[PDB]
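Novice: Sending over structure_0.pdb (PDB, C-alpha atoms).
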```
ATOM      1  CA  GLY T 282      41.330 226.104 -73.093
ATOM      2  CA  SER T 283      44.394 225.779 -70.853
ATOM      3  CA  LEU T 284      42.129 225.082 -67.899
ATOM      4  CA  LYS T 285      43.396 222.851 -65.119
ATOM      5  CA  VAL T 286      41.369 220.533 -62.936
ATOM      6  CA  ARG T 287      42.167 218.137 -60.134
ATOM      7  CA  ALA T 288      40.936 214.575 -60.181
ATOM      8  CA  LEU T 289      38.699 213.995 -57.181
ATOM      9  CA  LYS T 290      37.852 210.553 -58.436
ATOM     10  CA  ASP T 291      39.817 208.063 -60.513
ATOM     11  CA  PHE T 292      39.208 207.361 -64.166
ATOM     12  CA  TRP T 293      40.426 204.154 -65.735
ATOM     13  CA  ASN T 294      39.035 202.513 -68.848
ATOM     14  CA  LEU T 295      40.692 200.216 -71.366
ATOM     15  CA  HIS T 296      39.732 199.032 -74.887
ATOM     16  CA  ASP T 297      38.468 202.562 -75.468
ATOM     17  CA  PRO T 298      40.623 205.045 -77.470
ATOM     18  CA  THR T 299      38.690 207.995 -76.050
ATOM     19  CA  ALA T 300      39.177 206.963 -72.446
ATOM     20  CA  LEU T 301      41.234 208.967 -70.027
ATOM     21  CA  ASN T 302      43.764 207.669 -67.525
ATOM     22  CA  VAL T 303      43.872 209.595 -64.279
ATOM     23  CA  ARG T 304      44.212 208.841 -60.598
ATOM     24  CA  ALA T 305      42.668 210.873 -57.764
ATOM     25  CA  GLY T 306      44.937 213.774 -56.888
ATOM     26  CA  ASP T 307      46.398 214.206 -60.368
ATOM     27  CA  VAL T 308      45.833 217.293 -62.504
ATOM     28  CA  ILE T 309      44.321 217.430 -65.968
ATOM     29  CA  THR T 310      44.812 220.237 -68.434
ATOM     30  CA  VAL T 311      41.605 220.563 -70.382
ATOM     31  CA  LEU T 312      41.258 222.221 -73.749
ATOM     32  CA  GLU T 313      37.575 222.638 -73.059
ATOM     33  CA  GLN T 314      35.826 225.214 -70.937
ATOM     34  CA  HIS T 315      32.207 225.071 -69.773
ATOM     35  CA  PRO T 316      31.199 221.776 -71.446
ATOM     36  CA  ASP T 317      28.031 219.695 -71.563
ATOM     37  CA  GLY T 318      28.113 216.178 -70.185
ATOM     38  CA  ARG T 319      31.770 215.413 -70.772
ATOM     39  CA  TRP T 320      34.903 217.114 -72.058
ATOM     40  CA  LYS T 321      38.323 216.255 -73.445
ATOM     41  CA  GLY T 322      41.516 216.917 -71.564
ATOM     42  CA  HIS T 323      45.238 216.271 -71.521
ATOM     43  CA  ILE T 324      46.927 214.642 -68.546
ATOM     44  CA  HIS T 325      49.681 216.688 -66.935
ATOM     45  CA  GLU T 326      52.625 214.435 -67.600
ATOM     46  CA  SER T 327      56.360 214.656 -67.186
ATOM     47  CA  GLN T 328      57.044 212.148 -69.937
ATOM     48  CA  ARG T 329      56.028 213.276 -73.405
ATOM     49  CA  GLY T 330      53.689 210.899 -75.155
ATOM     50  CA  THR T 331      51.794 209.998 -72.023
ATOM     51  CA  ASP T 332      47.930 210.217 -72.158
ATOM     52  CA  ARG T 333      47.184 212.693 -74.907
ATOM     53  CA  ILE T 334      43.463 213.318 -75.237
ATOM     54  CA  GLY T 335      40.801 211.634 -73.183
ATOM     55  CA  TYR T 336      37.150 212.266 -72.485
ATOM     56  CA  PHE T 337      35.785 212.441 -68.980
ATOM     57  CA  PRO T 338      32.851 213.972 -67.060
ATOM     58  CA  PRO T 339      33.529 217.347 -65.310
ATOM     59  CA  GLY T 340      31.676 215.903 -62.338
ATOM     60  CA  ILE T 341      34.716 213.939 -61.176
ATOM     61  CA  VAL T 342      37.079 216.912 -61.410
ATOM     62  CA  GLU T 343      37.416 220.419 -59.987
ATOM     63  CA  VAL T 344      40.137 223.093 -59.951
ATOM     64  CA  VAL T 345      39.848 223.892 -56.231
ATOM     65  CA  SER T 346      41.354 221.877 -53.394
ATOM     66  CA  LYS T 347      39.521 218.951 -51.790
ATOM     67  CA  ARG T 348      38.116 218.573 -48.273
TER      68      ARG T 348
END
```
Let me see whether you can do it: turn the structure in this file into structure tokens.
Specialist:
Amino acid sequence: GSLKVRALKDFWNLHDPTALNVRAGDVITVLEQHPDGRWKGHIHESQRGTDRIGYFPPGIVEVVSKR
């Protein structure tokens, strides 16, 4: 893993333990690489304990810069 992606779109979902919390512009460190449908990643946080593992579609993220 150790792959990093940028959030082009936001992802916010509550009442779901597998949901990820990310805002557009933030970076996610994914343990997955070349997934199918959706993958699990870790939010790049400064405070330990913040957003551990969440599932999200690779369609809303990319490693390169935006427009």
Novice: Name the residues in contact with residue 319 (chain T) at a cut-off of 10 Å, using only C-alpha atoms, excluding same-chain residues fewer than 6 positions from it; report them as a VMD selection string.
Specialist: chain T and resid 313 336 to 340
Novice: Would you output that residue set with C-alpha atoms, as a PDB file, in the frame of the given file?
Specialist:
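Saved file result_2.pdb follows:
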```pdb
ATOM      1  CA  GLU T 313      37.575 222.638 -73.059  1.00  0.00           C
ATOM      2  CA  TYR T 336      37.150 212.266 -72.485  1.00  0.00           C
ATOM      3  CA  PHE T 337      35.785 212.441 -68.980  1.00  0.00           C
ATOM      4  CA  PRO T 338      32.851 213.972 -67.060  1.00  0.00           C
ATOM      5  CA  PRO T 339      33.529 217.347 -65.310  1.00  0.00           C
ATOM      6  CA  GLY T 340      31.676 215.903 -62.338  1.00  0.00           C
TER       7      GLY T 340
END
```
Novice: Run through the PyMOL selection byres ((chain T and resi 300-302) around 12) on the given coordinates and return the selected residues as a PyMOL selection string.
Specialist: chain T and resi 288+290-299+303-305+307-311+319-326+331-338
Novice: What separation in Å, quoted to one decimal, exists between CA of residue 348 (chain T) and CA of residue 314 (chain T)?
Specialist: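 So the answer is 23.7 Å.
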Novice: Please, what is the axis-aligned box for every listed atom of region 287-298 of chain T with 4 Å on each side, as centre and edge lengths in Å to one decimal, as lines of an AutoDock Vina configuration file?
Specialist:
```
center_x = 40.0
center_y = 208.6
center_z = -67.3
size_x = 12.3
size_y = 27.1
size_z = 28.3
```
Novice: Let me make sure I understand: among T:317, T:306, T:330, T:286, which one has the smallest atom-to-atom distance to residue 345 (chain T) if we use only C-alpha atoms?
Specialist: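 Looking only at the distances to residue 345 (chain T), the closest residue turns out to be T:286.
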Novice: Find the residue from T:329, T:312, T:318, T:289 that sits nearest to residue 341 (chain T); use only C-alpha atoms when measuring.
Specialist: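 Among T:329, T:312, T:318, T:289, it is T:289 that comes nearest to residue 341 (chain T).
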